[PDB]
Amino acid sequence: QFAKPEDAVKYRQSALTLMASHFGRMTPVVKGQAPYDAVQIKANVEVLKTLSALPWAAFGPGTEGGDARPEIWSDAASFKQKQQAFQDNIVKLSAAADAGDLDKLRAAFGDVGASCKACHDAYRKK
């Protein structure tokens, strides 16, 4: 759906921004600094699940640009493992939210955050 590489870059940066916000806005809830409303968190994690599927198709071949490292494209399988692993960490968060289980939510939130870094450390330029 992208006329030029720049369009893919713009898309993925926007998708990732919207993930930062839907993930990060739960930090006060996980920390207990804001109340835990199970229904609200369930709905927010559903949004996050949808968003978290979106960036990867905007790293198609030849879409070098932005802050993406070239290693995304020199080993396709390894980048795919990282995004798939990340989306499965989101599945754990979804299951916790759907269960209304705050302990579960906290653990999964931590693991999701670690997975965001795991990717950044390999694939995002400074």
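Throughout, we count residues from 1 along the sequence that is shown.
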query	finding
Chain thirds of CA B-factor: placement of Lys92	lowest
Within-chain third of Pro28 by Cα B-factor, per the entry	middle
Modelled-residue ranking by C-alpha temperature factor, third containing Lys10	middle
CA B-factor placement of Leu16, once the chain's modelled residues are sorted into thirds	lowest
Chain-relative CA temperature factor third for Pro61	middle
